[PDB]
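# My sequence and its experimental structure, below.
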Amino acid sequence: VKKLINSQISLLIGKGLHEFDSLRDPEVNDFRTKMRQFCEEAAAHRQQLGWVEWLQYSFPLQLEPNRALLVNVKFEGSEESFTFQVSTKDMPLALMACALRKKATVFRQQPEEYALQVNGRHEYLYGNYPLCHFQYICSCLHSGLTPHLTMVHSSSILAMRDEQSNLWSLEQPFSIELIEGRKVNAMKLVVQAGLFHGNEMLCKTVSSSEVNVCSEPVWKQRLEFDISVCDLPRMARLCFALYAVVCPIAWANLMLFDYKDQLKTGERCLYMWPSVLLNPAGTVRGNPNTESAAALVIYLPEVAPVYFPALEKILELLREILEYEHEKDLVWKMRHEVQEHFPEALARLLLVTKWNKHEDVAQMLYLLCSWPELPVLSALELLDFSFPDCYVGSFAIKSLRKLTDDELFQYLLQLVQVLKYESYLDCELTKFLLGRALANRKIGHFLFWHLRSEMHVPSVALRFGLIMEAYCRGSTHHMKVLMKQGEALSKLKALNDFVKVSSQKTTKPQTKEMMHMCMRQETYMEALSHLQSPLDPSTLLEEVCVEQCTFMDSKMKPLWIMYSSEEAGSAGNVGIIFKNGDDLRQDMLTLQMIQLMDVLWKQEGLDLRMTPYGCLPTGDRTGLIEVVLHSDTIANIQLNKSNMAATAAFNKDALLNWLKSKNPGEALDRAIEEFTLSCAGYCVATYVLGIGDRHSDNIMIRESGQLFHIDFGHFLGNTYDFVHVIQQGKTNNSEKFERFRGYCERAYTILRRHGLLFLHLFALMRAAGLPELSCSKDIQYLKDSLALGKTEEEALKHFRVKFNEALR
Ligand SMILES: N#Cc1c(N)nc(N)nc1N[C@H](c1nc2c(F)ccc(Cl)c2c(=O)n1-c1cccnc1)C1CC1
């Protein structure tokens, strides 16, 4: 009956749905019911979409941020093809018109009823864009390859759609009773408790009295906080810290209001988390491992049945140079003038608001409702934990509904990490991400994997697991599509684990050939084959080419899997790298910013030929990396293999000879250009992000000439082989070196004008717990490298010195 789906979901998300049931939590069950109908209604909307509107859902256009061109078009039934000549100028419609003209004038006698599919890929060319704005065409024009498209009728598209369906009174001081506990340590135990409105204290913390090490201690000590109960904001969370003293032990937080605005009472057991001193950013749900978690019971006094006031009761109630408390007063001040004439300074007004005073809040929340929507940029800042308030969040999400699916896609990683700053399961952000994920399958694809990859993490396991379940209710088909991806990753791990065992007992060629025998098994063939790339859902992974597969002799023995597509031709020759043992989250992040840099640069006419390859964690220290084909490490090139076309008299020539071998005579001129531009781009990206530990074996170069970085283990601060290529070999070519210096400088200014975009995004990534990005000013390096507390003309003066430092 309907049980297969629930089992499929359980397997997919990696946790039984019976486990959600076993909680007997009304919040959990109200989420699973509210979001289910939400996701089900979204699925109903989908099946009504026009066949073009449905293409947008399943196959979102992948675009770029006079010139003739060779196309190859074939139809569905017959494998017969036609080769036209169109311009990069032309729309897809004019091409489809040509497709019909040649078809009719050979079969013997309407473009609007068709869509061009990219052969052997989950991509479609449509809309009123010139062909060169499509990234498949732009790719073909960069490799000299010929686009191979396919005329698909609207009738068979509709067949796909159908195939893929289914009280201000309480003035007393706030108090709690610290009863007993159960711990482990050598001394004296003590309980520090603090009230927080996010990253700020509502009042000063209070500690318990010292109670000794052995036990199972007890206090029964009533803790009174310097704040009244009618002044606790809606997002008041009480944060307990426990440590030994003559040594940290455990911490735990919780909201002083339940998920229905009711004031918390009376007794609650707090299963604490290990520590490292208070941690308000931490989760407000207990350590799931009750079997071994240090516990802390407390008592919240009754005070009557008190809810938090509804919104309709909150109804009640020079500067400029600032853009100190006397200053803070001079930005609390004319509250109304900010809204009236400085709407985009809301964030600075929201943190001068006295959140420990219900009136200063109600007056702030009054302005917020009449507040005009802000740009996407300002909204990304309001999402941070330093704006924890209930209504500030909704205002931020309200100002992100104008996000384009390509904008949302660029930021989706950060929006997902913010989910950890939440206090309740049902939020505006979750409802927003699910809504967008269900309207764009590409968003939904990466929403799923970003959540699935962290299901091994106890603190987010419940939330992320529930979000995915909800999403699955909204797409029965993608779940099955994602199941196939999971099943492939499952065998990739088993294969990798075997390769780890085998290479310890024997050598590479024996393990490689026995690796191949493992892959040749039916269960492995019918699992690694015919799936959408988790790295890129539009990229299809059809036939696994076992003979071409292998592994690296690193310590983690990462796998090298190649594919081929009996349709896509050369576009179907693609590979993926399976890695198990390392954390690939920071690598994905760096590649997300380099991609952004590439977009920002491209959105001003600067194409530095960057290679932002795919990187996706899929599980615990498990992820995938897109193979950049036709490339090689500088190490292997400068190694200077004997009697090979890079045979050089000097080490300085090993690279330029390698290019000359791959780029004959006149084709070289463009290879030097690809190199110079890609070099400049990654020099800047390296500098801005502070990517360290660079050397000949983590820098790679494409046969096109494009150089690109790999292996991003450390960032944010934690040679005349390029100059020789850039200068064409000539010892003195200032004109060709100054143009490189030119590329770098302009590439740096463009990022500075968008420095706040990178800033806010990294501030949201603090929620990831990346070792290299966790301190509340690890982001300092980024502000320095970008010189953001400063203007352009002289930032390109400071940028100069370091360029001259790196030059010598
Ligand atoms: N990251 C990355 C990345 C990437 N996206 N695309 C390519 N093409 N290579 C990349 N990394 C290279 C690389 N990585 C591998 C891997 F990870 C797993 C399995 C294998 Cl069997 C290899 C492999 O053979 N190489 C390699 C070495 C020497 C020459 N050419 C390739 C650099 C590390 C040696």
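Structure's in. What do you need? Numbering: from 1, shown residues only.
# contacting residues for whichever residue of the stretch 401-550 of the chain sits closest to the ligand?
Distances from the stretch 401-550 of the chain to the ligand, computed as C-beta to the nearest ligand atom, single out residue 550 as the nearest residue at 4.9 Å. For every residue, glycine as well, the C-beta is placed using N, CA and C. With C-beta atoms under 8 Å, 6 or more residues apart in numbering as the criterion, the residues that contact residue 550 are 512, 515, 559-560.
# Okay, and which of the residues you listed map to strands?
559-560 (DSSP state E).
# Can you turn the buried part of the contacts of residue 550 into a PyMOL selection?
Those of the contacts of residue 550 that meet the burial criterion (16 or more other C-beta atoms under 10 Å) are gathered into one PyMOL selection, given here:
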select buried, resi 512+515+559
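# can you narrow the contacts of residue 550 to ones near the ligand?
Near the ligand, taking C-beta under 6 Å from any ligand atom as the test, the members of the contacts of residue 550 found are residue 560.
# Let me know the closest of the contacts of residue 550 to residue 654.
When those are compared for distance to residue 654, the smallest value, 24.5 Å, is given by residue 560; criterion: C-beta to C-beta.
# if I pick that closest one, what's in contact with it?
Taking C-beta under 8 Å, 6+ apart, one finds 549-552, 575, 577, 627 in contact with residue 560.
# what's the answer for residue 607, then?
By C-beta under 8 Å, 6+ apart, the residues touching residue 607 are 601, 677.
# mind checking which helix or strand it is in?
Remark: residue 607 resides in no helix or strand, with elements defined by DSSP states H and E.
# thinking again about what came up before, top of the contacts of residue 560 by number of neighbours, please.
Counting neighbours by other C-beta atoms under 10 Å, residue 551 comes out on top of the contacts of residue 560 with 23 neighbours.
# for it, phi and psi?
For residue 551, the backbone dihedrals are phi -150, psi 160 (criterion: degrees, to the nearest 10).
# Identify the bridge partners of it.
With DSSP bridges applied, the residues forming beta bridges to residue 551 are residue 559.
# repeat for residue 257
Taking DSSP bridges, one obtains residue 263 as the residues bridged to residue 257.
# mind giving me JSON lines with the contacts of residue 560 and columns for distance to residue 22?
Converted to JSON lines, these look like this (distance: C-beta to C-beta, whole Å):
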{"residue": "549", "distance to residue 22": "42"}
{"residue": "550", "distance to residue 22": "45"}
{"residue": "551", "distance to residue 22": "41"}
{"residue": "552", "distance to residue 22": "43"}
{"residue": "575", "distance to residue 22": "43"}
{"residue": "577", "distance to residue 22": "38"}
{"residue": "627", "distance to residue 22": "43"}
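# Residue 432 sits in which helix or strand?
Secondary structure (DSSP H and E) places residue 432 in helix 428-437.
# gap between that helix and the chain center?
Computed by C-alpha atoms, centre = their mean, to the nearest Å, the chain-centroid distance of helix 428-437 equals 15 Å.
# What is the subsequent helix or strand relative to that helix?
helix 441-452.
# Distance from the helix or strand hosting residue 249 to the middle of the chain?
Counting by DSSP H and E, the element that carries residue 249 is strand 248-255. Centroid separation between strand 248-255 and its chain, computed with C-alpha atoms, centre = their mean, is 28 Å.
# residues of it that come out buried?
Buried residues in strand 248-255, counted by 16+ other C-beta under 10 Å: 249-255.
# Distance to the ligand for these - can I get that in TSV?
Converted to TSV, the buried residues of strand 248-255 look like this (distance: C-beta to the nearest ligand atom, whole Å):
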residue	distance to the ligand
249	40
250	39
251	37
252	40
253	39
254	42
255	42
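# ok, residue 103 - contacts?
With contact taken as C-beta under 8 Å, 6+ apart, residue 103 is in contact with 75, 82.
# May I see the buried residues of the helix or strand hosting residue 139?
Secondary structure here is read from DSSP H and E; on that basis residue 139 sits in helix 135-143. Applying a neighbour-count criterion of 16+ other C-beta under 10 Å, one finds 135-138, 140 buried in helix 135-143.
# Show me what it is packed against.
For helix 135-143, there is no helix or strand it packs on, judged by 3 or more C-beta pairs under 8 Å, 6 or more residues apart in numbering; DSSP states H and E.
# Toward the C-terminus from it, list the very next helix or strand.
Sequence-wise, the next helix or strand beyond helix 135-143 is strand 148-153, with elements assigned using DSSP H and E.
# Pull the residues that contact whatever helix or strand comes next after that following strand.
Remark: after strand 148-153, the chain's next helix or strand is helix 154-163, criterion DSSP H and E. The list of residues contacting helix 154-163 from outside it, by C-beta under 8 Å, 6+ apart, reads 46-47, 49, 51-52, 54-55, 58, 76, 113-115, 477.
# Next, the angle from helix 154-163 to strand 148-153.
For the pair helix 154-163 and strand 148-153, the angle between their directions (axes from the mean of the first three to the mean of the last three C-alpha atoms, to 10 degrees) equals 80 degrees.
# Now do the following helix or strand past helix 154-163: which elements does it pack against?
Using DSSP H and E, the next helix or strand after helix 154-163 towards the C-terminus is strand 173-182. Packed against strand 173-182 by the contact rule (3+ C-beta pairs under 8 Å, 6+ apart) you find strand 188-196, strand 218-228, strand 295-300.
# Thought residue 226 was touching residue 204, still the case?
Yes. Between residue 204 and residue 226 there is a contact under C-beta atoms under 8 Å: 6.0 Å.
# Next one: the longest helix along the chain, is it in contact with the ligand?
Here the longest helix in the chain is taken by residue count, with DSSP state H as the criterion, and it is helix 476-505. No. Helix 476-505 does not reach the ligand (C-beta under 6 Å from any ligand atom); its nearest approach is 10.1 Å.
# how about that helix: buried residues?
Applying a neighbour-count criterion of 16+ other C-beta under 10 Å, the buried positions in helix 476-505 are 478-479, 481-483, 485-489, 491-493, 495-496, 499-500, 502-503.
# hmm, back to that, who's more crowded, residue 204 and residue 226?
Counting neighbours by other C-beta under 10 Å for residue 204 and for residue 226 shows that residue 226 has the greater number, 13 against 10.
# For the helix holding residue 139, what is the distance to the chain centroid?
Its chain's C-alpha centre lies 26 Å from the corresponding centre of helix 135-143 when counted by C-alpha atoms, centre = their mean.
# tell me which element residue 472 falls in.
With DSSP H and E as the test, residue 472 turns up in helix 458-474.
# Please identify the residues of the stretch 651-800 of the chain in proximity to the ligand?
By the rule C-beta under 6 Å from any ligand atom, the part of the stretch 651-800 of the chain lying against the ligand is residue 710.
# Which residue ranges of the stretch 651-800 of the chain form strands?
When secondary structure is read from DSSP state E, counting those that start in this stretch, the stretch 651-800 of the chain shows strands at 699-702, 707-709.
# Mean neighbour count added to those, as JSON lines?
Shown next, in JSON lines, are the strands of the stretch 651-800 of the chain (neighbours: other C-beta atoms under 10 Å):
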{"stretch": "strand 699-702", "mean neighbour count": "22"}
{"stretch": "strand 707-709", "mean neighbour count": "23"}
